[PDB]
Amino acid sequence: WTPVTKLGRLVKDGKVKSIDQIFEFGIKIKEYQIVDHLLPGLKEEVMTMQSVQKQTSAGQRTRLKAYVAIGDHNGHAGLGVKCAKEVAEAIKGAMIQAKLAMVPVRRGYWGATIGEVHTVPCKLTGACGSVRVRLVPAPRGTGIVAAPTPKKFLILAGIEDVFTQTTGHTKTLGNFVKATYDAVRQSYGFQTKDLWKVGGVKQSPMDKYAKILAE
Amino acid sequence: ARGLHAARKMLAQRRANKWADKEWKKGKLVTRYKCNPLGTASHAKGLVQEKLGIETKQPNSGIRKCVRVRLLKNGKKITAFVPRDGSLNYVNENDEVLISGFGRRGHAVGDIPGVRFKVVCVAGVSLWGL
Amino acid sequence: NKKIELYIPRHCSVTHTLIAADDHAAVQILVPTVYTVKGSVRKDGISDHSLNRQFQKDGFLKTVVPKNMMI
Amino acid sequence: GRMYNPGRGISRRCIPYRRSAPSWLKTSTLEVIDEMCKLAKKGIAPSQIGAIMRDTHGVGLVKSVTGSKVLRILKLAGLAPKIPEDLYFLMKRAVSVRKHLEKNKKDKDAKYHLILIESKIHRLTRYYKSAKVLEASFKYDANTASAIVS
Amino acid sequence: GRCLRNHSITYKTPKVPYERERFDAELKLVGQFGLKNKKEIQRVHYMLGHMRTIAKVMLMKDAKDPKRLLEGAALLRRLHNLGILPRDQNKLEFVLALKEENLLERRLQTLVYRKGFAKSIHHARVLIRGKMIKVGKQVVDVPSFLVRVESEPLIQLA
Amino acid sequence: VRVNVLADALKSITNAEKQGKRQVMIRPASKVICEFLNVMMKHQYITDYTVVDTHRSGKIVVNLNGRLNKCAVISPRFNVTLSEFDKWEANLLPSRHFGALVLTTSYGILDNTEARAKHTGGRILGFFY
RNA sequence: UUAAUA
RNA sequence: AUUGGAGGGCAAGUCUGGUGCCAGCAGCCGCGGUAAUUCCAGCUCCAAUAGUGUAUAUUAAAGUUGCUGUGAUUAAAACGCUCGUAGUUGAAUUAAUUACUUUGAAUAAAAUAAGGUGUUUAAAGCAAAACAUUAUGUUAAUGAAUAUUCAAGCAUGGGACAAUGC
RNA sequence: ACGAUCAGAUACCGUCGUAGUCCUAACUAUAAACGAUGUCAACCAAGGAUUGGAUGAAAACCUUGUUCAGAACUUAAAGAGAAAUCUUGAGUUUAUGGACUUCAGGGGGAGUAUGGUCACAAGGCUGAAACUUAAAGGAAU
C-alpha cells in the first residue's frame, strides 16, 4: 500500500491490468507489492541457505545468504538474493528482491502447434560466472532434464519440457541458479523469424495516464 | 590439422596424448600382473601368520587390528583388516582366509597406515556371521 | 485457446532489433510519432546521430544529415 | 607479409581501369616492338625494359598497346634470356654476398642472409622446373653460378 | 550370447536412487491403482518410453515418407485397439502427450474396479488372482492384463 | 594467407550486424559468395547486394536489415549424405523452424529445405539464423 | 651495530 | 520377508541404555577425551523387495582424451629464434579419370529395429485360428516389404565444391 | 687468506687476492632465452602524441591537412575472462569449425633411474616405473 512511484500508483488504481504491459515497455518495477497485485498466488521455493563470514578483530561475522526463486507457472519467474544475520529475515529480504526481478519467459513448441505451449522456442545459454547453462527444446513427453537446482527454477517458470547441458563449477549453488535465470532472461531478446513483423503502435501507460498521475 | 584429408595426424595425436591418462595407462601397461599382489583376481586366499596392530594417522587415535597373510597363487606377504568389532579373536593362525580389497580411496583406505585388503572369511563363513 | 506469446516486443527504430524487457536504457521519444532507441546504441554515443537520420527521413529535419550519410 | 622477416609493407602499383591504350597514345605496335627489341639486345631485364618505354616513350602499359606482355614479345623474337629474370637477379645477389664472405669470415649476419637468399633460389628453381621453363638438368651451384651470372 | 532363445527386460531402475520428489509421486500412483511394488510402475514407464521413442523417431521424418506412413499408422492402430489413445486423436503428436496414468487405467485390475465387480482396487487384485473373473471366454489371474477395447465389455465373474 | 574467402566474408557480415551497421563491404568476390548471399536473400535475411567490378576480383556491398543474427561458414566441407541432414540441423541450428543450412550440390548451392526436396546431398557450406 | 626459537 | 541404513553426499531418530580419543565406525568430509545425532545394543521408520549388500573390472557420469569437444599470460602446458623435406591447407576466373552425391544390382541365417498373431498378460514361439460354429475355405492360409549395413568392389542420373588433367 | 660482528659466522661489512673478466681459433647449446602471450590471414569503439617516408598548404630546420609502415600510450556504460586484467586482443566461442605446428592432463617420486645419442669435460636431447598422498595450486575480499 501507499504507492510512491507512478507504476505503483497506476497498479493500485487498477489501470495497468497486466504485468505483460510493464514488460512490453521495459518499465522497471521498484515496489514488490506491484507484483503481488498483478500476479496473485505466486508459488515459492527457497533454493539454498549459504552462510558467509567476514573476519574481524574479535572473530568472525556470520551472515545467512538466501537464494529464493519466485514466479507463476505461466511464463513468469524471478530470482533474488539477500544476506542478513537471521534466516527468517534473509528469506523475507530475498522475497522482496525476487519480486522486483521478475522477467518474462518466452516458450514455444517443438515441431507443431498442437496443444499448449510447453518448451523453449530456441537454444538459450546462461552467462553467469564459470557456470554456463544451455537449454534445448524437447518433445512433449520428456520432463525438465536438468540438475535439481535449475530443475526447481525451470518448474516455476512453466517450462515443462527442456534439455540442458551445463558447464563450469556447477557445485556453486548461487551461480547455478543465476545462470538459469540468465538464459531465461534473454528468451524474449533473441529475434526469431516469427518476431520480424513490427506489429502495431501501442501507447505507453505512463504517457496515456500522465495527466491523472500529476493530478 | 582440422582439414578434410588430415586424418593421419588427428588419429596419431590421440594415440600419443592418451598415454598421459593416469587412470588409463595404469590399466594397460604391464603392472597388474607383476606389481599387484592380488592380480586381476577380485578375491584371493592365503595363510594367516601374524596378528598385527597398526596405529592410525595423526588426527585419529587407536590401534587398527589386522592380520598378515601369505597368498597361495603368488606367495607374497600382505596385511588384511579384520572388519567390524572384535573380529580378530575369531581369526586363528595357519588357516586359509579369503582376502578381498576395500574401496580404493586415495589408494589406501580404512586401517589407515597403508592397508588395502579386508578379510571376508575365516575358513568358515564369514568374519561376519561367525 | 490462450495466446502463445506473452507480448509482442517493440522494435528499435535504429537497429531494427527487439527491445529486451530488462533494457533499462531504452528510451521512447514522442515528436508531435514514436521512436525507439536500444540501450546499446545510446551508450555508444551514436543515438543522437541515428535519430538525425530517422528525423530527416520523416521530415522533422532537412539540412542536418549530409546526403552521403542519409542511409 | 614478407617471406622471411616480420615486415609488412603494401607498396604496390595500381593498374588503371582501362585495358586499352589511352586516346593520346599514337605509336603503333611496330615502333613499340622494335624499340623493345633494341633494348633487349642491349642486355636489359624485361622489368627494366618496360620502365624505359614508360618513362621515355610514354607506353606505360605494353599489354594495352600490343595485346601481349613483354616476356611473350621477347620469347617470340627469341630474345628472352635462358635464365628467368627474377631467378637471375637472385643468383647475382648470392654470388655478391659470397664474394664478400670470402674475405670477411667473421660476418655472421651475412651468413644468415646468404642462407635466406639461397633458400629463395631453391624455391624459384623448383617452381620453374614444374613450369618447364628450366630443364630438369639445371641445378644451382656456388662453384658454377659465379660464371653464368657474371 | 549362449542361448538360442530370446530374453528381454521389461523395466529399468531410476538413475538417482533417493529423491523426495520422486518418492511421493510414485506413492500417489501406487495408492490410486493398488500396485504391488515400484517394479510395476517401472514397467509402465518402460512400455510408455518405447512407444514415445517410436513416435519421436517418425515425427522427425517427412510427412509423406512411406516409412512414416507404415510405422505411424501401425503405432496408432495398436494404441487405439489397446484403448490407451481415444479414436479421435489420430495424429502421432498425441502419443508424446500420453502419461503413465493412461496405461495404468487399462490394466484388468483397474477395469474390474471401475466396472463395479469389486469394492476396492485392492479387492480387485484378490478377485483377479482367485480365478474369479473371466474375459470373454478365458479366465485370467494376472492383474497386469491390458484389456483391449473389444475385450473391454467382455469382463464378467466366473 | 586467405585460405577461405567465404569465411572472411561471413565474418565481416556477422561483425557488421553485431555493431548495427547498415551496409558492409566484402573485398574479394566469388561465385560461391554470391550464391550464399542469394540463398540468404530468398529467406529475407539481407535486403540486397551490389557487386562492383574492379578488374581484380571486385568487391561486394551488402545491405543488412536487423535480421541476420549470425551467418558462419563451416570448415572442411563435409560430404553430407541425405540421411545426415537432421544430424547436422540438430547441431547447428537453433530450432526446427528458424534457421537454414547451406549446401553445395550438383544442382547448385541450396539450403537444406529445398535440397531435401530435390533429393540430393553434397558438401556443407555454412548456415544462418 | 646486534634482534635465534615456540 | 528379508537385506542394507538412519551426520552430510542420500530417504530416514537432535528417542534411551552401555561404552569414554579405548573399543571402534568411517568408500570421501569426519564422529569418538565420560551429556557420542556417526561405536555397541533396544524401540521406531527409510529404500528396495524374493531379493538385497560387498569386492574387482567395462560403460555413462568424463566437455577429466576433445572429430562433434577441452586448455596453453598468471592454475599443468607456445620449441630461444630462423631456415626447411615429407604431411596438411591453398585468391578470383571458363554458359579424361578420381572424389562427392541419388538410385539400384548383388549379398547366410541367428541377432537389432520393426508387421501380424490374447503363449490367460509378459519374456517367448512363428505359430494358430478370428469366422467360416471349422472336414468345404477364408486358403493354393502366415513367413513381416522383414529394412539394415560400414570400409572396399559393380552399374546408373548430376557436375556445384575439389585432386590428377594435357 | 686475513680483520671485524655474532652464542657461533665457513656469510652479509672491510683489506689482499688465483681461475676468470679482454682479443684470436675451436667447443659447449643452456637462461625469469619473458610480452611467462606460436606462425599466417580477415573484421574491429573514441582519441592525443611519436619514429621513417610519400603528398598539398604555409618561407634542411619548424607549424599544419591526408595517407603508408613501426615501437608505444589514454578512455570505454561495450566484448571476453575465475578475477587480476586484455582492446594493434587474452574480442569476433555451447550462436562451439579460417590454415598449420608444438605442448598439458591432481600434487610428489622427477626431468630421477635405466636404455640410446651428442660433448675433451661439466653437461645437453629423449625419458619412465614402484611407492605415497586429498589435496597442491590461480585471482581477489
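Residues numbered from 1 in each chain as written, not as in the entry; some residues may be left out. Chains lettered and ligands numbered in written order. Part of a larger assembly, values for the part shown. Heavy atoms only, no water.

As documented in the archive entry, the model was determined using cryo-EM at 3.1 Å resolution.

### Observations concerning the overall build of chain E
Looking only at helices and strands, chain E features 7 helices and 3 strands. The linear arrangement of helices and strands in chain E, starting from the amino end, is α-α-α-α-α-α-α-β-β-β. Considered along the principal axes of its C-alpha atoms, chain E spans approximately 50 × 40 × 40 Å. Scored against the burial criterion, the 158 residues of chain E give a buried share of 34%. (Helix = DSSP H or I, 4+ residues; strand = E, 2+ residues; numbered from the N terminus. Buried < 20%, exposed > 50% of the residue type's maximum accessible area, 1.4 Å probe, protein only.)

### Focus: a positive patch on the surface
All names here are of chain D. A cluster of basic side chains, namely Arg19, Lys63, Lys69, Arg72 and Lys75, defines a positive patch on the protein surface. One can find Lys69 in the loop between α3 (63-66) and α4 (70-77). Owing to a relative accessible area of 55%, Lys69 belongs among the exposed residues under this scheme. (Patch = residues over 30% accessible without salt bridge, like charges linked within 9 Å, V, L, I, M, F, W, Y side chains within 5 Å. Areas by Shrake-Rupley, 256 points an atom, 1.4 Å probe, with all protein chains shown as cover. Salt bridge = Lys/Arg side-chain N within 4 Å of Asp/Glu carboxyl O. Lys, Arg positive; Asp, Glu negative; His and termini not counted. Charge placed at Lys NZ, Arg CZ, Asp CG, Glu CD.)

### Looking at the nonpolar core
Judged by nonpolar contacts, the single largest core of 41 residues is most densely connected at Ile13, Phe36, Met40, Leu68, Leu92, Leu101 and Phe128 of chain F. For this core, the element with the highest residue contribution is helix α2 (residues 31-42) of chain F, accounting for 6 residues. Apart from residues lying up to four places away in sequence, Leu92 of chain F is in contact with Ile74, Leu101, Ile124, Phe127 and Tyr129 of chain F. Counting 30 residues, the second-largest nonpolar core is a separate cluster that includes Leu38, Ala66 and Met95 of chain A together with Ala21 of chain C. (Core = buried A, V, L, I, M, F, W, Y, C linked by side-chain atoms within 4.5 Å. Contact = heavy atoms within 4.5 Å.)

### A look at the protein's contact with RNA strand I
For RNA strand I, the set of nearby residues contains 46 residues, the closest of which are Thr125 and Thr167 of chain A, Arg116 of chain B, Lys106 of chain D together with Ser75 of chain F. Taking all atoms of RNA strand I within 4 Å of the protein, the share assigned to sugar and phosphate is 79%. Interatomic distance of 2.2 Å between a side-chain N/O atom of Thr125 of chain A and a phosphate oxygen of RNA strand I. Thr167 of chain A has a polar side-chain atom sitting 2.4 Å from a base oxygen of RNA strand I. Of all elements in the fold, only β6 (132-136) of chain A, α1 (8-17) and α2 (22-26) of chain B together with α1 (5-18) and α3 (85-92) of chain F reach the threshold of two or more residues within the surface near RNA strand I. The dominant element in the surface near RNA strand I, judged by the number of residues it contributes, is α1 of chain F, at 4 residues. (Near = heavy atom within 4 Å. Polar contact = N/O pair within 3.5 Å; in protein donor to acceptor, adjacent residues only side chain to side chain.)

### Examining the packing of helix α5 (residues 85-103) of chain D against helix α7 (residues 142-149) of chain D
Residue and element names in this part refer to chain D. Viewed as axis vectors pointing N to C, α5 and α7 meet at an angle of 115°, and their least axial separation amounts to 9 Å. Like other packed secondary-structure pairs, α5 and α7 cross with a definite hand, here left-handed. In this structure, α5 contributes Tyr88, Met91, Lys92, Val95 and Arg98 to the contact, and α7 contributes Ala142, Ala145, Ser146, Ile148 and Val149. The residue inventory of the contact of α5 with α7, partitioned by class, reads 7 nonpolar, 1 polar and 2 charged. (Axes fitted to C-alpha atoms, helices over the stretch in contact; angles between N-to-C directions. Left-handed = near helix turned anticlockwise from the far one by under 90°. Nonpolar A, V, L, I, M, F, W, Y, C, P; charged D, E, K, R; others polar.)

### Quick notes on the interface of chain A and chain C
In this assembly, 30 residues from chain A lie in contact with 19 residues from chain C. Of the roughly 2,200 Å² buried between chain A and chain C on both sides combined, carbon and sulfur atoms contribute 56%. When the buried surface of chain A facing chain C is broken down by residue, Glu24, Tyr188 and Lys202 of chain A rank first, second and third, together holding 26% of it. Across the pair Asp22 of chain C and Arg185 of chain A runs a salt bridge whose closest N-O atoms are separated by 2.6 Å. Taken together, chain A and chain C are joined by 7 residue pairs in polar contact. Top contributing element to the side of chain A that touches chain C by residue count: helix α2 (residues 19-25) of chain A, with 4 residues. (Buried area = accessible area lost by both parts, 1.4 Å probe.)

### Focus: the pattern of salt bridges
According to the stated counting rule, one finds 24 salt bridges over all chains in the structure shown. Ionic pairing is found between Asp8 of chain F and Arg2 of chain F, a salt bridge with its closest N-O pair at 3.7 Å. Its relative accessible area of 31% is what places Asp8 of chain F among the partly exposed residues. Residue class for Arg2 of chain F comes out partly exposed when judged on its relative accessible area of 47%. Connected via shared salt-bridge partners are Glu19, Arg22, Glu26 and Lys38 of chain E.

### Thoughts on a nonpolar patch on the surface
Together, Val201 of chain A together with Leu30 and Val34 of chain C line one region of the surface with nonpolar side chains, adding up to about 280 Å² of accessible area. Within the element layout of this structure, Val201 of chain A appears in the loop between α6 (173-185) and α7 (205-208). For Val201 of chain A, a relative accessible area of 77% translates into the label exposed.

### Regarding the side chain of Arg68 of chain E
Locating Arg68 of chain E in the fold gives a position in helix α3 (residues 66-82). The side chain of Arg68 of chain E sits in the buried core without any salt bridge; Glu93 of chain E is the nearest counter-charge, 5.2 Å away.

### Quick word on unusual backbone geometry
Here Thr2 of chain A, not a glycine, exhibits a phi torsion of approximately 50°, which is positive. Position of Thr2 of chain A among the secondary structure elements: in the segment before α1 (6-12). At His16 of chain C, a position not held by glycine, the phi torsion is positive, near 55°. Mapped onto the fold, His16 of chain C is located in the segment before β1 (27-30).

### Regarding the arrangement of the chains
Of all 7 pairs of chains that touch, the greatest number of contacts is found between chains A and C. Across the gap from chain A to chain B, with no contact made, the nearest C-alpha atoms are 21 Å apart. Looking at chain C next to chain E, you find no contact at all, with the nearest C-alpha pair sitting 17 Å apart.

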